[PDB]
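>>> as they sit in the full assembly, here are the leading chains:
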Amino acid sequence: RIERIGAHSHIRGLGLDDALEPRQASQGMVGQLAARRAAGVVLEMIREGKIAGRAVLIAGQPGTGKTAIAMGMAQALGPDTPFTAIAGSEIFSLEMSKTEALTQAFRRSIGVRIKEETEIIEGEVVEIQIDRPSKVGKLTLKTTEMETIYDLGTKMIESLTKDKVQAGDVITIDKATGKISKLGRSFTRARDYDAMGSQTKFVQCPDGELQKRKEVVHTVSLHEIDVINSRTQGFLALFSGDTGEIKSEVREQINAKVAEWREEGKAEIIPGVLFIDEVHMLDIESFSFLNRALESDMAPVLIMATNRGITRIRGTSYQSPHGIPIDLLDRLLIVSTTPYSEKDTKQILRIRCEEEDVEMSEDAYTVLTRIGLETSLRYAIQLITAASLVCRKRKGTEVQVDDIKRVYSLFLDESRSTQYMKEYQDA
Amino acid sequence: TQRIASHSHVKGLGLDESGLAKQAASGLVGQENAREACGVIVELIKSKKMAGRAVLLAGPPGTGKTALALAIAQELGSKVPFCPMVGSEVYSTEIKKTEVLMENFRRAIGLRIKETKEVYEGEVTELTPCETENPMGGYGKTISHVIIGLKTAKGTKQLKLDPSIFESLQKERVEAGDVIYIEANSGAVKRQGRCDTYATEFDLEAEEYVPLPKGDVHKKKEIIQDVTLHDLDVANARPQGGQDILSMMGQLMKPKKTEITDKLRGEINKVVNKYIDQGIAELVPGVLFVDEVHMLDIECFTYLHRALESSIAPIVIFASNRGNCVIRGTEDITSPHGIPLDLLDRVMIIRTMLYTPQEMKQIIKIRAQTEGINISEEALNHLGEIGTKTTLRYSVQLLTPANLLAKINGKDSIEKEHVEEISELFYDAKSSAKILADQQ
Amino acid sequence: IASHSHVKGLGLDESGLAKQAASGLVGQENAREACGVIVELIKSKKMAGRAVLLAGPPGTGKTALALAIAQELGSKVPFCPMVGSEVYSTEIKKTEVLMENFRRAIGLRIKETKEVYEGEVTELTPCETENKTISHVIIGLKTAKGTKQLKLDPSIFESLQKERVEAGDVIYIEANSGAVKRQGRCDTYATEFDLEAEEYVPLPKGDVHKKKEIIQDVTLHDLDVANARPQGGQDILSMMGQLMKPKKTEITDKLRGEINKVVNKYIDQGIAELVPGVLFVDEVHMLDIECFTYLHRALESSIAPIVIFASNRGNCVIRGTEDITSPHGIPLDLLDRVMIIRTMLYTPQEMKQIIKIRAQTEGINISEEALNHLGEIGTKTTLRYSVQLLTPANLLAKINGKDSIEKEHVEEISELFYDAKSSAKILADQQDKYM
């Protein structure tokens, strides 16, 4: 519940129609029609997942919505489709190489959902008998439609004693493994009613047939598979820090077994997206590897946001556009984002202030758009909450122009601090 | 023990009820434009609404960045967590650079959790079964309840428990005339040995006989935990105990952080929400003070405005000391304040002014009051004068040695000659620089 | 899913000449007819350490030809696709990756025979004796054929105990590995209890004691890493895999020497069969000078396989030296040990037919007009860019209600999406605004 809003929490998805036609200010996305349409096309390509190994780059001026479009795509994609967001600087790890980090990032966005049809029982416990001396017992389960009696076995009795369930509890019995998962308690209480105990809570009993065939599903990423399969350290894929996967003995075997599972129909595929923000940080070797890492059926599509222009590639002295070599840049097609106009910045500020639940006067909007057009958009967005605090401190209702103008003099955006940096502090 | 520090005098921002900074209050003086600017972010923090906000305290060296930066922790109070860190702590030998940033980001987000549990204590006097009139066929009576009498310093009361509690007691192998521990909410029963008051003689066995528990037999007191997201993260990351041989690896150092985000989107970060919405825990978003941010590498700066865009992140109070300086890790880049333009575009800069002689004099007076020095009015004036020449640091540091010279010379207050004598034994940066330039 | 699937062979005539349009490969006829000799040499199993350098501008099929070489030899011979960036490992020596890949590209098909015990266990009486450890164990397995008793070592009884098995269940035992699995209790007892956590498997058929030959195909690197990082059952040495489990560095006497000797002992007695592989080291132009210099002794080894490099740069500074440059980014000493193979830059017609071939791969119905317009859009750009405006075009056509792709579709898809060259001018124009 309590997860405070962020700078990108306002976008709930690309504001597109059924024909990939971007609307002006729908679903949080304001303006930027061309880039939004391109992102919608690539997303429609994502939800299809019949080709893997493509890439699309979003370039433009700083503060034009690259990461915003990325988050919008992530949100419109929804769950049930792995989406991995990583900064270019995250792969520079000390416990693994750069290529290993890139392989892990790629395989972390490839999901394998194994459909398992396991028959179980689900009913309210009415009575339980267990004769301790092997030990033998019985069980009675009730549902709204029917009841029955069970002659528990030794291992079922052991499991129920480990769970130590009692009458009235609503539980599910896995016929295969015997695992008892209790959802809660039915309308029953008072074990003794004279001993101490916590407050009682009740829930309705299950409906329909007592025993029913339901469908469980286990969705894990290819990275998690290679991980838990890397070595015999028990309960891996969390392990707090460590991945040292081997190329052939594990990775190729995981790929082959996933292909075999897809063949018979256990878990076919669910490709994902790897949004690599600030990809200019990657080293020349990272691009060298990415060249051939995209040439694989298990290579999900990646999205890169670039802010640099004609600048040397990190790790060398080769000038290239987007700070990316023309080798990797040959595959990915680029999308251009147009700088927001006056009415675009104004509506962006309006939506971002309506997201923070702050009311600003009509002149407040005008002055803030003035500031965010003479200055960067991010500063005008940051001035929405700062101005919304002085107003409350003076027991105000909606942000006025005076509050914004005061909080503008209280802070400096990018230029009023460098222009005043005329004291020779340190260098 | 006090152990007077260098910033033990700042008690707060010293702002009035209207949000205007007083000329001198709560140890701080001057910097009204800055103490009012960094005061709005205090309310921003107290709102628990925004995530990833940043404010940059950019000024010359010694102007007071750290002075009014940690003073926010005083205004905010100790209840909300405050994680300070210098830019040099990111470079590590066992954890990547961009990861220490994340680890500190989650250490600043606190999560206070409350739980209520009943408790039982006292010498068990007797445990007799309560009879059930042949519930099954004619085999034998049945234990429907168990009457247990617990003795305490307050009084002795008989209580009933469930038959499962009777089985737990029987398998626990306890006897009568000893002290036990029951928790009805969970049902587990713990033992505290026998009663040291009457049960044990002068024998040697350290069975840990607990004295007759003092207080009511039944007691409940809400336990209030104060755990951060980083603490629970490391806990789920570096388990403890003496089982599950994987955990038995207590011989290795195991400093191995870099918590994978799978464990973030999964565990505690999720059970935190499941406890908050359930009404068990209250999130306490804290502050992340990162001074000397100019020391961060280009990779660190790039990751900074990717973690600052996450919905789960605390405020950040940077403190940049360098002017137009080259970014560490790159070449022929002259970004202002030693911070990349892209990141400066995301931070709200608060410019601190340069102290005038009178403000530095007030600061020296306050620091002398804190250290407990009885500086005189002539010594104070001369200190202010000789501090207008050099920086404030050297000026205000000449209070402890001057006081020592005074005490040694049979005095109880720093005189005009004491600081003059100390001013010659020790000199500031500029004097030493000139002396070095004159020599080889 | 297809990313490089259009290639399925070098598409060569019986006389080695490259068939213009075949195997989904078109163009580079000289390079393909040359790689024909390479694959013939690889199938000969006579040479070792011969290197090849597929040199050419970006997107010229060198990698396509490299994968077509693998498709030509088939899935029987080992193929190890490796990028030059995998050598810069932080957990192990740099040359170790190269040597273990050279060893991993060498296959070894070794037919093996193993015994198997299975059936429904009747009883398990551990023979007791004074040492006071358990001496032996008598286990009776009942199958559809018959019931037999057998004596096994105490380790197998301990393993059974780990399985928490009982009397009357079905088990699978292997005397070679010693691993004993628990398939579940016998099927006939399904009526015994009402509901239980046990699984029921039919009474195993066949004789309790049965053998079978398995024709396994593995690589030498597998044996190397198995002898360098041993494993087994019920041995505490597994602790090595918990506190001492970094990447290994098999010494010379182990990587070479003893492993080769045991493999030769297996071969000369009629149990193993050698199969050379192909080490395709793509993006070799960015290896370190140390890697290039070690490749000297790596290739000259009589065990090294046929290597097929693939460079992209024309003439740049060699990485690791920082001062000297050479063609292909490879030093001349290593460049003398490789048989360089050219790769012609594709022409308008070749590019158009490449686009055509790629279109029909992933189920795309492109019209002739759109196909021809793609040629015009491609002659201004790279082939790899023009060959990728097909899936977005098909998805956009599916939206416009048109089953096929027309001019307007690929014109709007060519407008929404830019390319490297067309996007570089956009930054050159706004130079001091991208940072």
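That came through, no problem. Numbering: from 1, shown residues only, chains lettered A, B, ... in the order given.
>>> CA only for contacts and neighbour counts going forward, please
Will do.
>>> ok, which stretches of chain A are helices?
In chain A, the helices defined using DSSP state H lie at A:33-46, A:66-77, A:98-107, A:154-163, A:222-228, A:253-264, A:284-293, A:342-355, A:362-374, A:377-393, A:401-410, A:415-418.
>>> so what touches the first one?
The reference is to helix A:33-46. A:14-16, A:20-24, A:56, A:58, A:69, A:73, A:77, A:271-273, A:301, A:335-337, C:391-392, C:395-396, C:416-417 (C-alpha atoms under 8 Å, 6 or more residues apart in numbering or on different chains).
>>> taking these one by one, which sit in strands?
A:56, A:58, A:271, A:273, A:301, A:335-337 (DSSP state E).
>>> just put the residues you listed in CSV and tack on neighbour count.
As requested, these are exported to CSV (neighbours: other C-alpha atoms under 10 Å in any protein chain shown):
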residue, neighbour count
A:56, 22
A:58, 25
A:271, 26
A:273, 26
A:301, 25
A:335, 25
A:336, 21
A:337, 20
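>>> and which of those is nearest residue A:290?
Of all the ones in strands among the contacts of helix A:33-46, residue A:290 sits closest to residue A:301, with 11.6 Å by C-alpha to C-alpha.
>>> can you pull the contacts of that closest one?
Contacts for residue A:301 (C-alpha under 8 Å, 6+ apart) come out as A:46, A:52-56, A:272-274.
>>> look up how far chain C lies from residue B:233.
22 Å (C-alpha to the nearest C-alpha, to the nearest Å).
>>> so that residue touches residue B:270, yeah?
No: Residue B:233 lies out of contact with residue B:270 (C-alpha atoms under 8 Å); the separation is 11.5 Å.
>>> which neighbours do the two share?
residue B:264.
>>> okay, those two: which has more neighbours?
The neighbour count for residue B:233 versus residue B:270, taken as other C-alpha atoms under 10 Å in any protein chain shown, is higher for residue B:233 (21 against 14).
>>> mind listing what the residue nearest to the more buried one when sequence neighbours are not counted touches?
For residue B:233, the nearest residue in space outside its immediate sequence neighbours is residue B:268; the separation is 6.8 Å by C-alpha to C-alpha, 6 or more residues apart in numbering or on different chains. Residues counted as contacts of residue B:268 (C-alpha under 8 Å, 6+ apart) are B:229, B:232-233.
>>> out of these, flag the one nearest to residue A:331.
residue B:233 (39.5 Å).
>>> next, work out how far apart the closest one and residue B:275 are.
The gap separating residue B:233 from residue B:275 is 16 Å, by C-alpha to C-alpha, to the nearest Å.
>>> tally of neighbours for the closest residue to residue B:178 other than its chain neighbours?
Nearest residue to residue B:178, sequence neighbours excluded (C-alpha to C-alpha, 6+ apart): residue B:194, at 3.8 Å. Residue B:194: 25 surrounding residues under other C-alpha under 10 Å.
>>> here's chain D, add it to the model above:
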Amino acid sequence: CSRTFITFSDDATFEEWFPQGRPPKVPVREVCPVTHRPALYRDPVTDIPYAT
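Adding chain D to what we have so far:
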């Protein structure tokens, strides 16, 4: 409401056999005979509790 019974089908006597005992402690300090001080030891030879 859910109750809980545990019945000793073998014999009702086992209903008390399990919760049997109740031997409360009744020790007290054994003041020494020499100085009447609170005893802290027990001489192995005399078995008499002493304190000094």
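>>> the neighbour count of residue B:194 with chain D there, same question as before?
26.
>>> list the contacts for it?
Taking C-alpha under 8 Å, 6+ apart as the test, what residue B:194 contacts is B:123, B:177-179, B:200, B:207-210.
>>> let's verify the closest residue to chain A within chain D: helix, strand, or coil?
Using C-alpha to the nearest C-alpha, residue D:1 is the residue of chain D that sits closest to chain A, at 3.7 Å. At residue D:1 the chain is in coil, as set by DSSP: H, G, I helix; E, B strand; the rest coil.
>>> rewinding a little: can I get the contacts of residue B:194 in JSON lines including neighbour count and distance to residue A:213?
Converted to JSON lines, those look like this (neighbours: other C-alpha atoms under 10 Å in any protein chain shown; distance: C-alpha to C-alpha, whole Å):
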{"residue": "B:123", "neighbour count": "29", "distance to residue A:213": "53"}
{"residue": "B:177", "neighbour count": "23", "distance to residue A:213": "55"}
{"residue": "B:178", "neighbour count": "25", "distance to residue A:213": "53"}
{"residue": "B:179", "neighbour count": "29", "distance to residue A:213": "51"}
{"residue": "B:200", "neighbour count": "18", "distance to residue A:213": "62"}
{"residue": "B:207", "neighbour count": "11", "distance to residue A:213": "55"}
{"residue": "B:208", "neighbour count": "11", "distance to residue A:213": "55"}
{"residue": "B:209", "neighbour count": "18", "distance to residue A:213": "56"}
{"residue": "B:210", "neighbour count": "19", "distance to residue A:213": "55"}
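>>> tabulate these (TSV), appending distance to residue A:119.
Formatted as TSV, the contacts of residue B:194 follow (distance: C-alpha to C-alpha, whole Å):
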residue	distance to residue A:119
B:123	51
B:177	52
B:178	50
B:179	48
B:200	59
B:207	52
B:208	52
B:209	53
B:210	53
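>>> now, which of those sits nearest chain D?
Chain D lies nearest to residue B:177 out of those, by C-alpha to the nearest C-alpha, at 4.8 Å.
>>> what is the neighbour count of the residue lying closest to that closest one once chain neighbours are set aside?
Nearest residue to residue B:177, sequence neighbours excluded (C-alpha to C-alpha, 6+ apart): residue D:24, at 4.8 Å. Under the neighbour criterion other C-alpha under 10 Å, residue D:24 is assigned a count of 16.
>>> which phi and psi does residue D:24 have?
phi -60, psi 150 (degrees, to the nearest 10).
>>> which element, helix or strand, includes residue D:32?
Per DSSP states H and E: residue D:32 is located in neither a helix nor a strand.
>>> who's in contact with the residue of chain D closest to chain A?
With contact set as C-alpha under 8 Å, 6+ apart, residue D:1 has these partners: A:168, A:187-191.
>>> among these, name the ones in strands.
Checked against DSSP E, the contacts of residue D:1 include nothing in strands.
>>> put this one in as chain E:
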Amino acid sequence: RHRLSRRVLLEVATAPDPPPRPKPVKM
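Okay, chain E now, added to the rest:
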């Protein structure tokens, strides 16, 4: 404090002492 000086060891070499037989009953 109790380093067991040399001569003490030489003296301890003397014949051993007899064990007790405690069976008293009185205050």
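>>> take the contacts of residue B:268 again, chain E included.
With the criterion set at C-alpha under 8 Å, 6+ apart, residue B:268 makes contact with B:229, B:232-233.
>>> so residue A:63 sits against residue A:376, correct?
Yes: here residue A:63 reaches residue A:376: they are 7.3 Å apart, a contact under C-alpha under 8 Å.
>>> once you drop chain neighbours, what's closest to the residue of chain D found nearest chain C?
For chain D, the residue closest to chain C is residue D:9, as judged by C-alpha to the nearest C-alpha, at 23.1 Å. Computed as C-alpha to C-alpha, 6+ apart, the closest residue to residue D:9 that is not its neighbour in sequence is residue B:139, at 4.1 Å.
>>> setting aside sequence neighbours, what's the nearest residue to residue B:189?
residue B:182 is the one closest to residue B:189 (C-alpha to C-alpha, 6+ apart), at 4.4 Å.
>>> residue contacts, the one you found?
With C-alpha under 8 Å, 6+ apart, residue B:182 has these contacts: B:119-121, B:188-190.
>>> any idea how far residue A:165 is from it?
Going from residue B:182 to residue A:165 by C-alpha to C-alpha gives 20 Å.
>>> ok, residue B:345 next?
Applying C-alpha to C-alpha, the value for residue B:345 to residue A:165 is 59 Å.
>>> which of the two has more residues huddled nearby?
Taking other C-alpha under 10 Å, residue B:345 and residue A:165 do not tie; residue B:345 has more neighbours (21 against 17).
>>> strands paired with the longest strand along chain A, and their directions?
When secondary structure is assigned using DSSP E, the longest strand within chain A turns out to be strand A:119-131. According to DSSP bridges, strand A:119-131 forms sheet pairs with strand A:136-142 (antiparallel), strand A:169-174 (antiparallel), strand A:211-213 (antiparallel).
>>> now do the second one: distance to the chain's middle.
Just to be clear, that refers to strand A:169-174. The gap between the average C-alpha position of strand A:169-174 and the chain average comes to 32 Å, counting by C-alpha atoms, centre = their mean, to the nearest Å.
>>> please apply the same query to the last one.
Computed by C-alpha atoms, centre = their mean, the separation of strand A:211-213 from the middle of its chain amounts to 33 Å.
>>> ok, now which ones touch the closest residue to residue B:241 other than its chain neighbours?
If the residues on either side of it in the chain are set aside, residue B:241 comes closest to residue B:247, at 6.7 Å by C-alpha to C-alpha, 6+ apart. In this structure, residue B:247 makes contact with B:239-241, judged by C-alpha under 8 Å, 6+ apart.
>>> quick one: residue B:247 and chain A, what's the gap?
Taking C-alpha to the nearest C-alpha, one finds residue B:247 at 10 Å from chain A.
>>> quick one: the helices in chain E, in order.
According to DSSP H, the helices that chain E contains are E:6-12.
>>> how about it: which residue is closest to chain D?
Counting by C-alpha to the nearest C-alpha, chain E gets nearest chain D through residue E:22, at 4.9 Å.
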